[PDB]
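# Reading the structure
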Amino acid sequence: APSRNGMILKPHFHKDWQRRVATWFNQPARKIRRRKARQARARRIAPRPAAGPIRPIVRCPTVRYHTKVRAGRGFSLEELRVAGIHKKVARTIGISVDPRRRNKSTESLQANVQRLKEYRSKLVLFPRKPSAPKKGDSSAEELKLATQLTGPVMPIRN
Amino acid sequence: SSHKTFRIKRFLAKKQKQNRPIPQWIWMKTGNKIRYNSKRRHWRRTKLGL
Amino acid sequence: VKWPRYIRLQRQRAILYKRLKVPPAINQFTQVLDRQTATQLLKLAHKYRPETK
Amino acid sequence: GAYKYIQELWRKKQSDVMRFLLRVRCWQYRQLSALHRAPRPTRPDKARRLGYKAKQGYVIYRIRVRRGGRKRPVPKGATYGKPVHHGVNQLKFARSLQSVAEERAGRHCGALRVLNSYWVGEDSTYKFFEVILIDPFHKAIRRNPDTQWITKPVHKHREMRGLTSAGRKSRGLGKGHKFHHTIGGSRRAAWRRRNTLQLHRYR
Amino acid sequence: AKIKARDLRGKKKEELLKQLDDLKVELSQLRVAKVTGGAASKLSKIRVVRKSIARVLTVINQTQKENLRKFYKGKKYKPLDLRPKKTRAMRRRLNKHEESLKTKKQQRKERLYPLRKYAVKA
Amino acid sequence: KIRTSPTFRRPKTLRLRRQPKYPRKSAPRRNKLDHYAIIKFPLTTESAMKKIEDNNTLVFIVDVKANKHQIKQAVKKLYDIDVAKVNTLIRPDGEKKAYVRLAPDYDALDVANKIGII
Amino acid sequence: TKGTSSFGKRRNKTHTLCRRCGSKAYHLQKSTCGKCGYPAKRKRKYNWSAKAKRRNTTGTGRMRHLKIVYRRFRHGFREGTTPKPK
RNA sequence: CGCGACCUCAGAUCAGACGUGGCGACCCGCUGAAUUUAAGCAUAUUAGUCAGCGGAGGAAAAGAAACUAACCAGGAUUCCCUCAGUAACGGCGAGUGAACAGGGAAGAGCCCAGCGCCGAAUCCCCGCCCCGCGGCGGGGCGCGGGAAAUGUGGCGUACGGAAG
Ligand SMILES: [Mg+2]
Ligand SMILES: [Mg+2]
Ligand SMILES: [Mg+2]
Ligand SMILES: [Mg+2]
Ligand SMILES: [Mg+2]
Ligand SMILES: [Mg+2]
Ligand SMILES: [Mg+2]
Ligand SMILES: [Mg+2]
Ligand SMILES: [Mg+2]
Ligand SMILES: [Mg+2]
Ligand SMILES: [Mg+2]
Ligand SMILES: [Mg+2]
Ligand SMILES: [Mg+2]
Ligand SMILES: [Mg+2]
Ligand SMILES: [Mg+2]
Ligand SMILES: [Mg+2]
Ligand SMILES: [Mg+2]
Ligand SMILES: [Mg+2]
Ligand SMILES: [Mg+2]
Ligand SMILES: [Mg+2]
Ligand SMILES: [Mg+2]
Ligand SMILES: [Mg+2]
Ligand SMILES: [Mg+2]
Ligand SMILES: [Mg+2]
Ligand SMILES: [Zn+2]
């Protein structure tokens, strides 16, 4: 029995909805649990970047968003083989790889290769055994000046 | 029934010993609430199941 | 004799390979070289048996 | 290798060679009982594709499921209710006969664990299937690090949660635009995520 | 007098049974004294003798199995009593050896490509 | 071999006896129904003492898992006296009553003075 | 006749006390129980009566083993050791 | 006729292990109504809901594209905000109704069969010795027994791979 004037409307409450209701009273409990887990992970990987590995410049698809630039899944292996980083060693030293991504372009590939080289210039690789250094390795006086950075490694500006 | 089986006579033997009242020193205890045996059973009134 | 079911099953399978029109790709395994040739083949092949444990 | 030849051989099922073999095996398997142990696979290539390795502990059963649809198990007609639900005999079951064949042997051997299963023969009134099983407490698999995943207690009765290759295919499960109604874990997890109110604290 | 579990452990196997049946006899005589009408000095002692029976039988049943699981410990097949009775799922979890052992392809992968300790600059 | 009978039956095969590589239990279970905990106490009612005097017998309460042979061997081990016969019933409270009729050269009143009932 | 008169003819009992659930529902002619379903291996249990389940779920009786495993859990099922003597 | 292999198939109180049943709030597979709404009612709706059955774990399931897209392209799964009460479905009536994209939480990838190449290079069990043994394991010796060529292990799997 609708009254004089107003929207005629379709509330989706014809099902039994009170049995399936999600109350969010553990919202601050999860916002404490996540940051406790995050502090524990950031202590556990002790000099390593707290956000995780490095993730590439990508364009969005789908006409509404292609002007913008996101962080992607991982560095494409075509973008790795011309940066000189091996596809297995990248994930060890902290470079996210996905093999699924193609490279339609050349500008994006050169930007990601420049990004990988600018990253590889900045990592401080500790020796795999602390007493004896090796060739693919950083100097001893640079080891004391390492620290975890916060936020994403080389944050993507548009 | 004077032809009882052993488990039925076993059952009746326990339900007979449970019909004994409280011992009268129980209501001399400190933290006691029990005035009398309340789960008593008279053989006319309640017919025990079985 | 009322034989058990596995004996009757295998004997009736052996009879069905006689009844049914067997294709030549399976008929070709019936023709085996005779026992004067098989002993020659096995006396040659006994020379080159692989080593055991 | 011989497995490519016998794979392409078993692909030509309409041929006279494999037609003779299928009808002889179907006669034999129809004469024999409902759920018995085969000593070795009839399809040695297909068993190796699905996961079987000829080592101590993998056990192959061939079982027959009785072929046909599923009429509604109801007294005489008499499915009480509206004329939508008056269907009795042209109803079809949600899972497949191969999945039923997996779970019948998986229930008959509760100690063992159903790995996968395949097709051996058929006639008008039965399907036959060789379901291959793994004995999860044998030391030839509990000391093998790439098949000791099935010895873990998570994978008890894969055939009855529907986690095998032929039990999976009735869950509507997959990536795509064709499988929107199962994103989440299942078509029940999809339904449950969709038909709730996320009543937040603030709103 | 007051029998306790310390000094019973040094006694040998027949001496403990020779004390056991003596305590059995004393418990039976105290039951007869309970029925005929006896003093509270004995109807209190009727608990002491039962717990004395228990204190002796505990020492027999402990020393018997302390001998048995030292007899059976070098062997691969122990009886089900001597086997460790934790929960049923963890008596059939994979053990510390066969959970630890890795396939050699994964040994080559974690040999050639170990996770490195590193840090990046700001 | 000639098949005389037109039926086939299962041929009798060999089968070995249990030779286990470890016993299931570690040690045999202790006999909890022994000659002390099989006899709880003797009665001291007037219907039991009148039974003791003339009939030359003893009246005991035993637990309900005991045979008459077990009560006979138990009384002969405990009080080292021969037993003529044993009559058992189960009382309505649920525990077994035994009537140990003694040998005629053994009086019940003297062995009652021995065991403590008067 | 169907009432007070016909209530006299009842002497032969239908049920008896079962030997698994202990309740008096063991139907003598069917030889099966009404509350637990005795000769079936699985317990008779339906959740159209939560009030029939919570009469005997796990929290009802002795828990004479699960009580002990609830306090052996809180040391990680430490077994075979004894505490250090005096 | 016998003796011996193999193949199918029995028998055991044979040696050693494994499954059964319960709780079932959360999870998985199936079966699955009617009240109710449509101011009647039959399609729809309630609803893949209640009840029924099977199976678990500390989480389960899912999961590393036979994907989304149509862009200057993104890139396993799951969850949240949103798309959206939208596209759509529906006696187009009542009602029903997702996804892609974007922002976040988290983030991890991998392994066989096949094609091949290495003298089965592989695995299980029992016997003896040394160590440890209340998660039965490490080594040595067995002209000791089996499995396996009707294919075990090593390399190798779509990101290619092998050999020289
Ligand atoms: Mg109005
Ligand atoms: Mg009356
Ligand atoms: Mg309808
Ligand atoms: Mg899975
Ligand atoms: Mg399909
Ligand atoms: Mg009747
Ligand atoms: Mg049940
Ligand atoms: Mg045995
Ligand atoms: Mg169960
Ligand atoms: Mg209506
Ligand atoms: Mg109305
Ligand atoms: Mg109406
Ligand atoms: Mg529906
Ligand atoms: Mg339900
Ligand atoms: Mg559990
Ligand atoms: Mg899982
Ligand atoms: Mg892929
Ligand atoms: Mg997505
Ligand atoms: Mg209309
Ligand atoms: Mg709907
Ligand atoms: Mg999205
Ligand atoms: Mg983040
Ligand atoms: Mg491999
Ligand atoms: Mg191979
Ligand atoms: Zn019952």
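Residues numbered from 1 in each chain as written, not as in the entry; some residues may be left out. Chains lettered and ligands numbered in written order. Part of a larger assembly, values for the part shown. Heavy atoms only, no water.

Its PDB record attributes the structure to cryo-EM, giving the resolution as 3.4 Å.

Residue and element names in this part refer to chain F. Among the nonpolar cores identified, the biggest contains 23 residues, and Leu58, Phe60, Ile71, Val75, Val100 and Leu102 are the most heavily contacted of them. Taken together, the elements giving at least two residues each to this core come down to β2 (57-62), α2 (68-78), β3 (83-90), β4 (96-102) and α3 (108-115). Per element, the largest residue contribution to this core is four residues, and it comes from α3. (Core = buried A, V, L, I, M, F, W, Y, C linked by side-chain atoms within 4.5 Å. Buried < 20%, exposed > 50% of the residue type's maximum accessible area, 1.4 Å probe, protein only. Helix = DSSP H or I, 4+ residues; strand = E, 2+ residues; numbered from the N terminus.)

We now examine the packing of helix α1 (residues 5-19) of chain C against helix α2 (residues 16-31) of chain D. Relative orientation of the contacting elements α1 of chain C and α2 of chain D amounts to 160°, with a least axis distance of 10 Å. Here α1 of chain C is positioned roughly antiparallel relative to α2 of chain D, judged by the angle of their axes. Here α1 of chain C runs over α2 of chain D; the crossing is right-handed. Packed against α1 of chain C, whose contacting residues are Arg5, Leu9, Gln12, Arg13, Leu16 and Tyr17 of chain C, the element α2 of chain D presents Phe20, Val24, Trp27, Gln28 and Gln31 of chain D at the interface. (Axes fitted to C-alpha atoms, helices over the stretch in contact; angles between N-to-C directions. Parallel < 35°, antiparallel > 145°, perpendicular 65-115°, else oblique. Left-handed = near helix turned anticlockwise from the far one by under 90°. Contact = heavy atoms within 4.5 Å.)

A few words on the environment of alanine 40 of chain G. Looking at the secondary structure, you find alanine 40 of chain G in the loop between β2 (24-27) and α1 (50-53). C-alpha separation for the pair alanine 40 of chain G and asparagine 56 of chain G, spaced 16 residues apart in sequence, amounts to 18 Å.

Once that is clear, we can look at the interface of chain F and chain E. Contacts between the two partners involve 18 residues from chain F and, on the opposite side, 20 residues from chain E. Carbon and sulfur atoms make up 64% of the area that chain F and chain E hide from each other, which totals about 1500 Å². Inspection of the region where chain F meets chain E yields one salt bridge. A salt bridge links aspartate 34 of chain F to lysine 24 of chain E; the shortest N-O distance between them is 3.2 Å. At the surface where chain F touches chain E, the tally comes to three residue pairs in polar contact. (Buried area = accessible area lost by both parts, 1.4 Å probe. Salt bridge = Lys/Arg side-chain N within 4 Å of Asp/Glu carboxyl O. Polar contact = N/O pair within 3.5 Å; in protein donor to acceptor, adjacent residues only side chain to side chain.)

Residues and elements named next belong to chain D. Of all nine residues making up strand β4 (residues 126-134), nine are buried, and the element is well covered by its neighbours. Burial along β4 is two-sided: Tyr126, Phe128, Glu130, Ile132 and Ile134 facing one way and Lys127, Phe129, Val131 and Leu133 facing the other are all buried. Of the pairings in the sheet, the one linking strand β2 (residues 58-66) to β4 comprises nine bridges and is antiparallel in character. Bridge assignment links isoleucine 63 to a residue of β4, and that residue is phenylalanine 129. (Pairing = 2+ DSSP bridges.)

So, about the UniProt feature "zinc finger region: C4-type" in chain G. With numbering matched to this structure, UniProt assigns "zinc finger region: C4-type" to residues 18-36 of chain G. Measuring from the first to the last C-alpha atom of residues 18-36 of chain G gives 9 Å, for a span that is 0% helix and 21% strand. (UniProt positions renumbered as here; feature names shortened; annotations may be inferred.)

Looking now at the coordination of the zinc ion (ligand 25). All names here are of chain G. Around the zinc ion (ligand 25), the donor atoms from the protein are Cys18 (SG), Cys21 (SG), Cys33 (SG) and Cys36 (SG), and they sit 2.4 Å away. Here the donor residues of the zinc ion (ligand 25) share one chain and are spaced in sequence as C-x2-C-x11-C-x2-C. Here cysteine 21, found in the loop between β1 (15-17) and β2, pairs with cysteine 36, found in the loop between β2 and α1; they are 15 residues apart in sequence, far enough to count as distant. Taking the relative accessible area as the measure of exposure, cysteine 36 reaches 5% and is therefore buried. (Donors = N, O, S within 2.8 Å, 3.2 Å for Na, K, Ca; no water.)

Close approach of charged atoms allows side chains of opposite charge to pair. Residues and elements named next belong to chain D. Scanning the entire structure with this criterion turns up 18 salt bridges over all chains. The salt bridge partner of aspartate 45 is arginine 49, with a shortest N-O separation of 3.8 Å. Of the two residues, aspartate 45 and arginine 49 are both situated in helix α3 (residues 44-50); the distance of four residues between them amounts to about one turn of the helix. Classification of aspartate 45 as buried rests on a relative accessible area of 2%.

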